[PDB]
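Asks: Chains as they are written, first to last, in PDB author numbering: chain H, 449 to 581; chain D, 24 to 471; chain C, 24 to 471.
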Amino acid sequence: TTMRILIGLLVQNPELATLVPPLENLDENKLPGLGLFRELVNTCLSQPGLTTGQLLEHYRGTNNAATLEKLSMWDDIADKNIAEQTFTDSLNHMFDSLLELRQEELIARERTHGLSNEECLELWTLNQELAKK
Amino acid sequence: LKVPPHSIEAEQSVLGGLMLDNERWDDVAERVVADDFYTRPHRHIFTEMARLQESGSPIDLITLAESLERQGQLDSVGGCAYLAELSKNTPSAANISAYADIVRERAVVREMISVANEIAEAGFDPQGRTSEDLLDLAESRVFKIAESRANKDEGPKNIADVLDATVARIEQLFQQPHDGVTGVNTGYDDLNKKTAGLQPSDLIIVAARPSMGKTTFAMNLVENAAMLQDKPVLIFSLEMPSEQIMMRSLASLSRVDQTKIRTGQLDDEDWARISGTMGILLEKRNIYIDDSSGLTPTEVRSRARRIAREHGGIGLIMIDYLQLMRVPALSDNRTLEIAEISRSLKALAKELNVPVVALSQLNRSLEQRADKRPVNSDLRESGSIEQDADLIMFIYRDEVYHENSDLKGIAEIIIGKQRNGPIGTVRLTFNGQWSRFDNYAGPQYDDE
Amino acid sequence: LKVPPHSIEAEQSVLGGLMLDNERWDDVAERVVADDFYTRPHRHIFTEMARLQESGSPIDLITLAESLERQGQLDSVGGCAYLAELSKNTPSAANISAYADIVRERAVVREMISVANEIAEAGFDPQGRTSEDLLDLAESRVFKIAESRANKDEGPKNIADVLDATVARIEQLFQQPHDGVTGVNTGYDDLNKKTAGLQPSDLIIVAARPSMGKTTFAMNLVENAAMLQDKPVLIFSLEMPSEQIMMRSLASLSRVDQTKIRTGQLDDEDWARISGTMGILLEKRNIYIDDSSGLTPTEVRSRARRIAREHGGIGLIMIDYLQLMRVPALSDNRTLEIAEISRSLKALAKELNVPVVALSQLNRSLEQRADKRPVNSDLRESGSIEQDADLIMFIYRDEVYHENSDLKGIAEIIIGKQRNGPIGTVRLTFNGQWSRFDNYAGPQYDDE
DNA sequence: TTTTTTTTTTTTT
Ligand SMILES: Nc1ncnc2c1ncn2[C@@H]1O[C@H](COP(=O)(O)OP(=O)(O)O)[C@@H](O)[C@H]1O
Ligand SMILES: Nc1ncnc2c1ncn2[C@@H]1O[C@H](COP(=O)(O)OP(=O)(O)O)[C@@H](O)[C@H]1O
Ligand code: ALF
Ligand code: ALF
Ligand SMILES: [Mg+2]
Ligand SMILES: [Mg+2]
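1) Whose Cβ in chain C lies nearer than 7 Å to the Cβ of residue 246 of chain D?
2) At which residues does the beta strand (DSSP E) containing residue 211 of chain C begin and terminate?
3) Is the beta carbon of residue 233 of chain D less than 8 Å from the beta carbon of residue 410 of chain C?
4) Closest by CA to residue 168 of chain C, which one among C:156, C:177 and C:127?
5) Go ahead and pull the three-state DSSP assignment for residue 434 of chain C.
6) Going by the DSSP bridge assignment, what does residue 419 of chain C pair with across the sheet?
7) Note down, one range per segment and in chain order, each alpha helix (DSSP H) of at least 4 residues found wholly within the segment 287-318 of chain C.
8) Could you name the residues, in chain order, whose CB is less than 7 Å away from a heavy atom belonging to ligand 4?
9) Give the range of the beta strand (DSSP E) segment to which residue 468 of chain H is assigned.
10) What's the C-alpha gap between residue 570 of chain H and residue 555 of chain H?
11) Going by alpha carbons, who is nearest to residue 262 of chain D out of D:285, D:243, D:227 and D:316?
12) For residue 446 of chain C and residue 65 of chain C, I'd like the C-alpha separation in whole angstroms.
13) Report the three-state DSSP secondary structure of residue 124 of chain C (helix, strand or coil).
14) In chain D, which residues lie with their C-beta within 8 Å of the C-beta of residue 558 of chain H?
15) Return yes when at least one heavy atom of ligand 3 lies under 7 Å from the C-beta of residue 346 of chain D, else no.
16) Can you tell me which of C:359, C:397, C:106 and C:275 puts its alpha carbon nearest to the alpha carbon of residue 241 of chain C?
17) Mind listing which residues of the segment 77-90 of chain C have their C-beta closer than 8 Å to chain D's C-betas, in chain order?
18) Can you pull the chain H residues whose beta carbon is under 7 Å from the beta carbon of residue 113 of chain D, in chain order?
19) Per the contact definition of three or more C-beta pairs closer than 8 Å, is the segment 120-138 of chain D in contact with the segment 79-90 of chain C?
20) Jot down the residue ranges of each uninterrupted alpha helix (DSSP H) in the segment 367-431 of chain D, minimum 4 residues, whole runs only, in chain order.
21) Since residue 334 of chain D and residue 397 of chain D should fall inside the 8 Å C-beta cutoff, what is the C-beta to C-beta distance between them, to a whole number of angstroms?
22) Anything in the segment 516-546 of chain H with a Cβ closer than 8 Å to a Cβ of chain C? List those residues in chain order, please.
23) Quick check on residue 449 of chain H: buried or exposed, where buried means 16 or more other Cβ atoms within 10 Å of its Cβ?
24) Please name the residue, chosen from D:247, D:264, D:99 and D:289, that lies closest to residue 307 of chain D on a Cα-to-Cα basis.
25) So is residue 455 of chain H in contact with chain C if we call contact Cβ pairs under 8 Å?
26) By the 10 Å Cβ neighbour count, where 16 or more other Cβ atoms means buried, how is residue 468 of chain C classified, buried or exposed?
27) From the DSSP output, in three-state form, read off residue 248 of chain C for me.
28) Nearest CA to the CA of residue 390 of chain C: which residue from C:360, C:437, C:425 and C:138?
29) Taking 8 Å as the cut-off, does the segment 428-440 of chain C touch the segment 373-393 of chain C (at least 3 CB pairs, one atom from each stretch)?
30) If contact is defined by three or more beta carbon pairs under 8 Å, each pair taking one atom from either stretch, is the segment 356-371 of chain D in contact with the segment 198-213 of chain D?
31) If you drop the 5 nearest sequence neighbours on each side, which residues of the same chain put their C-beta closer than 8 Å to that of residue 359 of chain C?
32) Please name the residue, chosen from H:477, H:537, H:460 and H:548, that lies closest to residue 515 of chain H on a Cα-to-Cα basis.
33) Figure out for me which residue from C:45, C:49, C:25 and C:36 has the closest Cα to the Cα of residue 327 of chain D.
34) Using only alpha-carbon positions, find the residue among C:62, C:76, C:434 and C:192 that is nearest to residue 42 of chain C.
35) Buried or exposed: residue 463 of chain C, going by 16 or more other Cβ atoms within 10 Å of its Cβ?
36) Could you please give the first and the last residue of the uninterrupted alpha helix (DSSP H) stretch that includes residue 72 of chain D?
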């Protein structure tokens, strides 16, 4: 899954969190374990320029630290630019998931009571992102 | 139970793709039709799509939904959600050709299966039909299957089509004023008069006895081609390391005694020349060397394809030499192995539309004759080397055999075969010290 | 049940990325193969992926699903759901190269374990196999795995890379003031001038008619090389016993009539000379002699490597002579057997980076001519002897053929071939009594 | 078991 890889990239490269757009605009329950990712970004933004060890030290007393440590150990990539590119395209993938979930809901509402011209027109516009390539 | 073949997902993709880009409409239309689908609603959608296209309406979700709603088939095919899902599962519109090709294949198989069922039905119940009639129906059905293909296999072609293509080729050759060199420039004007350059899709061959200049001449052709065009040239050196080849090239281009280069006893001027040569080569950067040993025909084709794909095509490829390649499948019979290699090299040239220069060795029977110039039937192990080749050039240096020869340092390029063109001899000065063949400026001796 | 070493996660990443992108197929094709994958389902998918790619078709879930369905492997791999699941799980394909490498590493390690199991099983059940059979089997497998791990270097290289390496080497030789001694020092002034010593990675050939001075000249090269360097020199005397070889060399170095040594009729002064020679030889101790008969090319390679590994490299190798080696597999076709021997010797020279001097023999056709100087095409059974050799030296003593010859006691070394360098003739003085060739101090005659 | 094509060495007219 692309969720576990995100935190692994997050923990191994803390500075990547700096360029992460806000996520509070969306319900964290939409993705599994999404709230923690947003927790890390604000934590990084709380003290910009933080060491990798310090980032994990922020949650020393928490139980989820074990998952963070395992992800740090897994997928160790010496190159930094590649990791940044992987994080960036991954962040796009999550945005695709959000739009994908939205259109699935909009399909569900269509079955409930149908849709108007604006709604189906908006759905049509919602397929370009899922087929941008 | 047996389910007739079909690809619902491919049917979804072809329907989905065209709604974004309609430029590929002809590609889908010519390849497949609404009869190819296995699901009826998809047939309805495509029939509507074709109608809208014929009416000039752009192919899109809104137009399709409007047409279906007006015709009342929207409910049968689904709706906004169903049609939206159609485009949702499309991986990429550019691939639509493969999806269309898949759909055609599924329809063809379904057509064949139906024919088989029809044949079985007719056979089981004669219904008053005699044995001969049953044969006729099978023949007619088989012919229809071979007829519905719409070529796809390059069957016999009428002469009117061939004439139109050939005359077009001649007319365009007229416009470009190359004046003799239709193919790659060899670099030796006396050689261009006969060969007219190295034509694409050719299997050229350079043969001679050991230490006659076979690799020295081929490298001169490669150097001249690289400096006289812009496409990459690929070298397969199965006999020598890349360093030795480059040491010769520096000696040839910079005209410095290759003994000094190999030994390191270079002066200031020699360093100046070599620096000049290095600058030129690094400015172009269109020569690739692969010194791996014992390559099979498959490895040669794969590597050449990659270079062509990455750099926009090849201009020439050289192999050194033919007999060192291996075909592990055919290792018990050396004659079959060599025939397979030669066929593969000819096929590769056609595929990439590039001239292939493959060197070859010669038999020892040449050395038992009073006259020691090579002939076509001297190529070593050569079952089909003489038959597949379109041009064969032999290198002969008379000074090697007769010490008191008058042709001291005058090599001869004997053209032993040329499918489309004359044959003859060309004389070139041989400067071994520089590892070079030069134009023979001396008086021209008429060839007999 | 010890867990075999494998990594499913790397395989899943590789397969998913290839689904995402098609431009990296080459990146993985070189690195991994279908056999590399652990689980059979992955092996089936890769085989189908390769079949689609070599067909020049796009790679996608729909195409793969149909292709696997065609062969009936769709259900076996796990159904279309598994492929859809795998495509879903893969974010991108940036680090596929690393994933490809680990997958390659796992297979090699698994290959290593299997070989270890096979050797252990064979030892437990010899099935009549002797210790030699087991040792040869163990050596063969370790070599095979070693070769397998050494296939990565292959691939065409640009000219910028080759130019940098070549110029670097030329700079090195320029710094060293060796003054013509680039390889091993032959010990003769004229020979060094025409060849610049014996170069590493070469296959030199010494040929002549029976009883011409062929083993006498080769031993002189071995002696002179041994005293002019510090690396071991290895000798393979398939013809004569080591005692007879040492008897000759003790006569040549000490300049004592070898008849006296052979029959033991020496004097005090002769005993003084032999004592001096023995002291010098034992001071260096860098000559090894192997007089086993009928060795195969594998045995020659195996023994050469052991010497190189123990003493840190070999400075020269001598084989006496080429046609006495054996290749049991090609025991029917003599011509192919000799061709395989020549190919192996050249490969051995390249691997160790050492000059390999191999003696050969000439044909009887030479003796039916008016002129009896050797030529290249006289090498016996020479399928490829004259083709692979980088340098060929013939020994000619006119005295043997013309009893009134003015060239009494003078030997001609005829350089019949030299891939990188000129050719010509060199004259030495032959002292049969001492089994020695001395550089010719008499008047020098120009070479035509 | 038979037919084919390529190498290399000998002996005879
Ligand atoms: N420095 C030199 N001076 C004179 N001749 C040379 C020199 N270097 C190489 N040659 C000659 O160039 C000839 C061609 O070599 P090469 O192209 O390797 O032959 P092939 O590739 O046909 O076996 C050889 O016969 C060799 O004698
Ligand atoms: N004591 C001697 N006096 C004169 N000639 C000798 C003496 N010992 C050896 N020779 C000659 O040295 C020649 C070279 O022998 P050798 O190198 O073994 O021949 P091959 O080239 O077959 O190895 C022989 O032909 C022999 O006549
Ligand atoms: F030495 Al060659 F062809 F005989 F390269
Ligand atoms: F005695 Al020989 F070749 F004739 F070693
Ligand atoms: Mg060559
Ligand atoms: Mg001998």
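Heads up, the beta-carbon is just placed ideally off N, CA and C, and yes, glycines get one too.
Replies: In terms of the structure at hand:
1) Looking up residue 246 of chain D in the second sequence gives position 223. When 7 Å is used as the limit between beta carbons, residue 246 of chain D is near no residue of chain C, the shortest such separation being about 11 Å.
2) By 1-based counting over the third sequence, the position of residue 211 of chain C is 188. From DSSP, residue 211 of chain C is part of no beta strand (DSSP E); its letter is neither H nor E.
3) Looking up residue 233 of chain D in the second sequence gives position 210. Looking up residue 410 of chain C in the third sequence gives position 387. Cβ atoms of residue 233 of chain D and residue 410 of chain C: closer than 8 Å.
4) Translated into the one-based positions of the third sequence, residue 168 of chain C becomes position 145. Of C:156, C:177 and C:127, the residue nearest in Cα terms is C:127.
5) The residue you call residue 434 of chain C lines up with position 411 of the third sequence. If DSSP states are grouped into helix, strand and coil, residue 434 of chain C belongs with the strands.
6) For the purposes of this step, residue 419 of chain C is identified with residue 396 of the third sequence, where counting begins at 1. Answer by DSSP bridge pairing, in chain order: C:435.
7) 291-307
8) C:233, C:234, C:237, C:238, C:262, C:344 and C:384
9) Within the first sequence, the letter at position 20 stands for residue 468 of chain H. Residue 468 of chain H -> no beta strand (DSSP E), and no H or E assigned at all.
10) The residue you call residue 570 of chain H lines up with position 122 of the first sequence. The residue you call residue 555 of chain H lines up with position 107 of the first sequence. Distance between the alpha carbons of residue 570 of chain H and residue 555 of chain H: 11 Å.
11) Walking along the second sequence from the start, residue 262 of chain D turns up at place 239. Of D:285, D:243, D:227 and D:316, the residue nearest in Cα terms is D:316.
12) Indexing the third sequence from 1 puts residue 446 of chain C at position 423. Indexing the third sequence from 1 puts residue 65 of chain C at position 42. Distance from the CA atom of residue 446 of chain C to the CA atom of residue 65 of chain C, rounded to whole angstroms, is 59 Å.
13) Mapped onto the third sequence, residue 124 of chain C falls at position 101. Helix, per DSSP.
14) Within the first sequence, residue 558 of chain H is the residue found at index 110, counting from 1. When 8 Å is used as the limit between beta carbons, residue 558 of chain H is near these residues of chain D: 102, 103 and 104, in chain order.
15) Translated into the one-based positions of the second sequence, residue 346 of chain D becomes position 323. Because no heavy atom of ligand 3 lies under 7 Å away, the Cβ of residue 346 of chain D does not count as near it: no.
16) To locate residue 241 of chain C, count along the third sequence from 1; it is residue 218. Ranking the options by Cα distance to residue 241 of chain C, first place goes to C:275.
17) Hits within the stretch, in order: 80, 81, 83, 84, 85, 86, 88 and 89.
18) Indexing the second sequence from 1 puts residue 113 of chain D at position 90. Close partners of residue 113 of chain D in chain H (Cβ separation under 7 Å): 579.
19) yes
20) 408-411
21) Stepping through the second sequence from its first residue, residue 334 of chain D is reached at position 311. Stepping through the second sequence from its first residue, residue 397 of chain D is reached at position 374. With a contact defined as Cβ atoms closer than 8 Å, residue 334 of chain D and residue 397 of chain D miss out at about 36 Å.
22) Listed by position, the residues of the segment 516-546 of chain H near chain C (Cβ gap below 8 Å) are 525, 530, 533, 534, 537, 538 and 541.
23) As a working note, residue 449 of chain H is residue 1 in the first sequence. When all chains shown are included, residue 449 of chain H counts as exposed.
24) Within the second sequence, residue 307 of chain D is the residue found at index 284, counting from 1. Nearest of D:247, D:264, D:99 and D:289 to residue 307 of chain D, Cα basis: D:247.
25) Working through the first sequence from its first residue, we reach residue 455 of chain H at position 7. Residue 455 of chain H does not count as touching chain C.
26) Against the third sequence, residue 468 of chain C aligns to sequence position 445. So residue 468 of chain C ends up on the exposed side.
27) The residue labelled residue 248 of chain C in the question sits at position 225 within the third sequence. Residue 248 of chain C falls in the helix class under three-state DSSP.
28) Taking the first residue of the third sequence as position 1, residue 390 of chain C is located at position 367. Comparing Cα-Cα distances from residue 390 of chain C to each of C:360, C:437, C:425 and C:138, the minimum goes to C:425.
29) no
30) Not touching, per the Cβ criterion.
31) Working through the third sequence from its first residue, we reach residue 359 of chain C at position 336. Result list for residue 359 of chain C: 353 and 406, in chain order.
32) To locate residue 515 of chain H, count along the first sequence from 1; it is residue 67. Closest by alpha carbon: H:460.
33) Counting from one through the second sequence, the residue named residue 327 of chain D turns up at place 304. For residue 327 of chain D, the nearest C-alpha among the options comes from C:49.
34) For the purposes of this step, residue 42 of chain C is identified with residue 19 of the third sequence, where counting begins at 1. The shortest Cα separation from residue 42 of chain C among C:62, C:76, C:434 and C:192 belongs to C:76.
35) The residue labelled residue 463 of chain C in the question sits at position 440 within the third sequence. That one is buried.
36) For this step, residue 72 of chain D is matched to residue 49 along the second sequence. First-last of the alpha helix (DSSP H) with residue 72 of chain D: 63-77.
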